[PDB]
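So you can see what is in the structure, the chains are spelled out below.
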Amino acid sequence: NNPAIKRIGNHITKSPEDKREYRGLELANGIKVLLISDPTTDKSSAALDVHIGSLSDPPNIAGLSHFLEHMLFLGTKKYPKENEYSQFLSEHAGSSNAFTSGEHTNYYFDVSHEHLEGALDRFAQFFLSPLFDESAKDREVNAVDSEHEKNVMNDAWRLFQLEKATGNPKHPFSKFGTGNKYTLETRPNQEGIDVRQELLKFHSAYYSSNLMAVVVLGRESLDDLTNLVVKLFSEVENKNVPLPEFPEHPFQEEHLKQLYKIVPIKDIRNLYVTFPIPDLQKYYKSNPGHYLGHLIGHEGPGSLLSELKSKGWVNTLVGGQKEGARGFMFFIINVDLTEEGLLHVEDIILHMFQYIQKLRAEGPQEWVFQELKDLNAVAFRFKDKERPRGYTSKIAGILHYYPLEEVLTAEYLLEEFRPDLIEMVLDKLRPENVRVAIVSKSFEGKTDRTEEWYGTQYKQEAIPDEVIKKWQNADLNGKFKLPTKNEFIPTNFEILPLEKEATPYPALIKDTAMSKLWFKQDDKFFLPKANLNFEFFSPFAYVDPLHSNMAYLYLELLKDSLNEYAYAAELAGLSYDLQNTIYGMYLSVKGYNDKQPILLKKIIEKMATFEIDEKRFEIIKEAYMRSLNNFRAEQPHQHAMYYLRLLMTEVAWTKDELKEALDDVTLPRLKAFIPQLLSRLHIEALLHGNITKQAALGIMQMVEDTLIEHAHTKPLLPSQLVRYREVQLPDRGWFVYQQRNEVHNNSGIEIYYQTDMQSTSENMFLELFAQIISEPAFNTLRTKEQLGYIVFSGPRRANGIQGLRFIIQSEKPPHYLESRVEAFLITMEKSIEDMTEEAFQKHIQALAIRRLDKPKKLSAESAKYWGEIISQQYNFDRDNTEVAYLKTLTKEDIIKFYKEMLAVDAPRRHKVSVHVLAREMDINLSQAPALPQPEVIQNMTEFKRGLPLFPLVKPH
Ligand SMILES: COC(=O)[C@H](Cc1cnc[nH]1)NC(=O)CN(CC(=O)O)Cc1ccccc1
Ligand SMILES: COC(=O)[C@H](Cc1cnc[nH]1)NC(=O)CN(CC(=O)O)Cc1ccccc1
Ligand SMILES: [Zn+2]
């Protein structure tokens, strides 16, 4: 009945709360495809995944398949304009991206729902006749090198590659994924390689249709999506490439029983423990890896972490199966170490083996599997609806692993109980497979080897057999017990009926001196979850730097205490967030509403009758010290972003202020602080989800009552509710702050043009300008000028004030990035004058679609409202108000605004810049305007003292 379509799959099993409609099918050419029909989606999306990635790079050009990924975007035969694709999305409310794993390259985009076809068509071309333009290839190789450069100094990446580089060197596993300027131009030049050819070769070899999965999601009928996909994608070449496999492990027991001593960049202290295991993927229906993962990783009473944490040796632990490739995986157990811990490593690893030994002696436990099976089934049934980009991307990957029908459920549902497999994998977690890496500053000087790509310093040893034998004889250890029934598993999921007096936006259903309660019963998502947000205002949480440190430490200590208890709930999909703000504290409780008042009570109770364990205090303080220090190792752009926040906020305590005031925090002094901070508060809360007005009031009152009883809390005076103001920069003024980043050899810059207060009109002016320049900023500063990998434009908003910001991390100097951005601003004024009246309306419509996307999941609606509430703006209808107004703006309005606030010689141009310089300093392109001469900020206080502050914004 149809020659283009091999199979039509069946009734892809979905959660019965999922209203979206699905069809899977194999094409003639072998492409696996899922089609998602959602007649209500605001954005359509699609994704393609090719089962080939950087493991299939040729040896002589590292990171080629990653680089090829970068180039599919920059031009194809049918749509040859360098940024046809980029621009097409921008103009139609879309966004796009790609990643490359060892074994996949994965491409996704989303677009306004009615331009799915336009978007999708420009997209199919990536896989049919791309161009790899000679001029692009040349330019874009720099993007890759920046991306690598960004990664060079960050520990996560260094360890990641140092693993690869200590396995069998002949194994594809050992390769360098990212690539750089050296590997992809400098060197293929030296060895006479035409790269455009080499890209064409690879794309031709491997981007074969039998290695591809597609997901398309749109408002269209399933039958409509079907036709569309067949049209755009039947034309893909089947080169019948055999799928690569790696049946032989890269860790070969020439490589087992090794210890590695590693020098970190940040001052961190972890121990990595790895075991090579076979590929468990096929066992997905029983999932032994998860089971042993669930147990070893456990954090409850009688768990492994519990003991290590109790001898003060470790703080956090992570265990479980680790993805490798077709043919191999790892099983890992990783901990961070205390100072004491770093000296009892041998011991810690022994404790790990005692726990494994316990699991062997107890045997595999069906009741535990039954629990995992039940949590997973509940998780699946009541899973939140996904944003379409993530969703298509995600399924496109897993289409390569599961029958069409199982794609939605395969990652969730458990079916087979498999003692044998559990017992089999358990047999591999033995000292004679073990690999140990310790990462610590204490190995500086003491290392003797260097990893070539990132420059990592390490020493390598055999583990002395004394020590292996010593681990092999792991006794049972009475302090280790399996978890007991998880009491927190939800049993009640009944959706309460929508009330007689329910409203579309959160209602102010309580306004005492103690508390302001915002509430809305869920009229949208119908899952048995709720979101409970509380802002606790106390002025002592930021009164000074020392107090700030205590507010923090207090909160960490508390979290640390409850960890054992709450982890049970985390697994039952009930979780909490608790950190300190400049305003006081913040507390979220998210998840299956069923046992939710219970966790809340246990938190507030613990919070208000807290007892501090000295040894916990000691450790967490040392951790926080390192933590503050380690800011000096963060990326140049975060540095620049931070300094700006420091420059434009009425009050803010610097990292050095905090760390110097931190040696001053004794155990007795914190013990005073807590009862003190809790003594007067005000509380604003949003309660949102499957709960009733009375359930809500009860919860709010219950919180208050617990503080009143146990901490004697009373109300703050309304006038103590200081919110903080933004600094107000003069007309035609330009200030520069300058610092150096000591770790990173990129530099960074933020430029901020301050405009005015937030207001329906000023808001849209900035937003619309932001939109029109969004994609050209990126296309000019990265694609053409290749100034860096990190290139960001868009609105900035703080303390009620707003403006335009640019962020760039780059090889070239800040004063230079300044000129190219200011140059760019003129290019924009020109092309706004030049751009068609319909071209202009696209951007309006585009920003409108963007602004109007309905939240898909409950906690995404919550976020929007909490936005309004913590900002004291309380404009729950902003999206409608503000769109209405946007639709009535003209080319003329936006030019005035630009010539008013933004242009180089603007009447009211307020401009500050942060230049963060790299470790080491002190044409084809358009006309940069000559700039004023800046006022170089030398002192953050002398700076803020001498300028007006802005008014805080008006409510309602
Ligand atoms: C939830 O059940 C688990 O399997 C454990 C639990 C755990 C919680 N805290 C420490 N362990 N989680 C994990 O093992 C995390 N995994 C898998 C994952 O994140 O999907 C291991 C992992 C994570 C990152 C990088 C390599 C392995
Ligand atoms: C600084 O700019 C970016 O964030 C870019 C790409 C982008 C394209 N259009 C808007 N932004 N990078 C990423 O998002 C990073 N990806 C990798 C890549 O694009 O090469 C990281 C990543 C890693 C694992 C899973 C998903 C994404
Ligand atoms: Zn990349």
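The deposited coordinates derive from X-ray crystallography, with the record listing a resolution of 3.22 Å.

The protein chain is annotated in the PDB entry as Insulin-degrading enzyme of Homo sapiens.

## Some words on unusual backbone geometry
The phi torsion of most residues other than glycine is negative, and most of the peptide bonds are trans. Look at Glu253: it is not a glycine, yet its phi comes out positive at around 70°. With respect to the element layout, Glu253 can be found in the loop between α8 (222-234) and β8 (258-262).

## Regarding the nonpolar core
The biggest cluster of nonpolar side chains holds 58 residues, and the ones touching the most others in it are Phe534, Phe536, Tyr554, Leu600, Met607, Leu687 and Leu707. It is helix α17 (residues 545-571) that contributes the most residues to this core, 10 residues altogether. With near-sequence residues (within four places) excluded, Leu707 lies in contact with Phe536, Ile604, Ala608, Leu678, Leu681, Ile683, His712 and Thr713. Counting 56 residues, the second-largest nonpolar core is a separate cluster that includes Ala46, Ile61, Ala136 and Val216.

## Section: the site of ligand 1
Every residue lining ligand 1 is accounted for by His290, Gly293, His294, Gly297, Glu299, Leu317, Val318, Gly319, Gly320, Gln321, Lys322 and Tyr567. At 2.9 Å, a side-chain N or O of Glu299 approaches a nitrogen atom of ligand 1. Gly319 places a main-chain nitrogen or oxygen 2.4 Å from an oxygen atom of ligand 1. Starting from 610 Å² of accessible surface for ligand 1 in isolation, the protein chains cover 52%. Those elements that provide at least two residues to the shell around ligand 1 are α9 (288-296) and β10 (314-325). Classifying every residue of the shell around ligand 1 by side-chain character gives 3 nonpolar, 7 polar and 2 charged.

## Side note on the layout of surface pockets
Take a probe with the size of a water molecule and roll it over the atoms, and the empty space left behind shows itself. Approximately 880 Å³ is the volume found for the second largest pocket. Around the second largest pocket, the lining comprises 33 residues; the ones closest to its centre are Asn315, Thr316, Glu556, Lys559 and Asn563. The greatest single-element share of the lining of the second largest pocket, amounting to 8 residues, is contributed by α17. For the lining of the second largest pocket, a count of residues per class yields 15 nonpolar, 8 polar and 10 charged.

## Notes on the pattern of salt bridges
Going through the model one piece at a time under the given rule, you end up with 61 salt bridges. Of the charged contacts, one joins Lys383 and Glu386 as a salt bridge, the two residues approaching to 3.1 Å between their closest N and O atoms. When the shortest N-O distance is used, the salt bridge between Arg909 and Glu822 registers 2.7 Å. Of the two residues, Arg909 sits in the loop between α29 (891-902) and β27 (910-917) while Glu822 sits in helix α25 (residues 814-834), which places them 87 residues apart along the sequence. Like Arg909, the residue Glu822 is buried in the burial classification.

## A closer look at the sheet that holds strand β12 (residues 435-440)
Pairing is mixed across the open sheet formed by 7 strands, whose spatial order is β10-β11-β9-β12-β8-β14-β13. Two strands lie at the open edges of the sheet, namely β10 and β13 (449-450), each paired on one side alone. The sheet contact formed by β8 and β12 spans 4 bridges and is parallel. Looking at β12, one finds that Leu259 is bridged to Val436.

How each quantity is defined
- Throughout, residue numbers begin from 1 within each chain and advance along the sequence as written. They need not agree with those in the entry, and any residue without coordinates is left out.
- Think of it this way: whatever chain is written first is A, whatever ligand is written first is 1, and the rest follow in order.
- The side-chain values count all of the structure's non-hydrogen atoms but skip hydrogen atoms and water molecules.
- Residues with missing side-chain atoms are left out of burial classes, side-chain pairs and their counts.
- Elements are defined by DSSP. Helices are runs of H or I of four residues or more, strands are runs of E of two residues or more, and each kind is numbered from the N terminus.
- Buried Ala, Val, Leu, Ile, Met, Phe, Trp, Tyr and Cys residues that are joined via side-chain atoms within 4.5 Å together make up what is termed a nonpolar core.
- Classification of residues uses two cut-offs on accessible area relative to the type maximum, computed with a 1.4 Å probe and protein chains only: under 20% is buried, over 50% is exposed, and between them is partly exposed.
- For this analysis, residues touch if any pair of their heavy atoms sits within 4.5 Å.
- Distances are taken per atom, and a residue is near a molecule or strand as soon as one of its heavy atoms is within 4 Å of it.
- Within 3.5 Å is the distance limit for a polar contact, defined as a pair of N or O atoms, with the added protein rule that one can donate a hydrogen and the other accept it, and that residues adjacent in sequence qualify only through two side-chain atoms.
- Each accessible area value is a Shrake-Rupley result obtained with a 1.4 Å probe; residue values ignore everything except the protein chains displayed when judging cover.
- Polar here means any residue outside two lists: the nonpolar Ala, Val, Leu, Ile, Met, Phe, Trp, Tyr, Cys and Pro, and the charged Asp, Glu, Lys and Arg; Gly therefore counts as polar.
- Note on definitions: the grid is 1 Å and covers protein atoms alone; a cavity is a set of points where a 1.4 Å probe fits but cannot get out; a pocket is an open set with protein on both sides within 12 Å along at least five of seven lines; lining residues have an atom within 4 Å of a point.
- Grid points are joined across faces, edges and corners, and a volume is the space filled by probe spheres set on the points.
- Salt bridges are counted wherever a side-chain nitrogen of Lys or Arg sits within 4 Å of a carboxyl oxygen of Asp or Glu.
- A pair of strands is treated as paired once DSSP finds two or more bridges between them.

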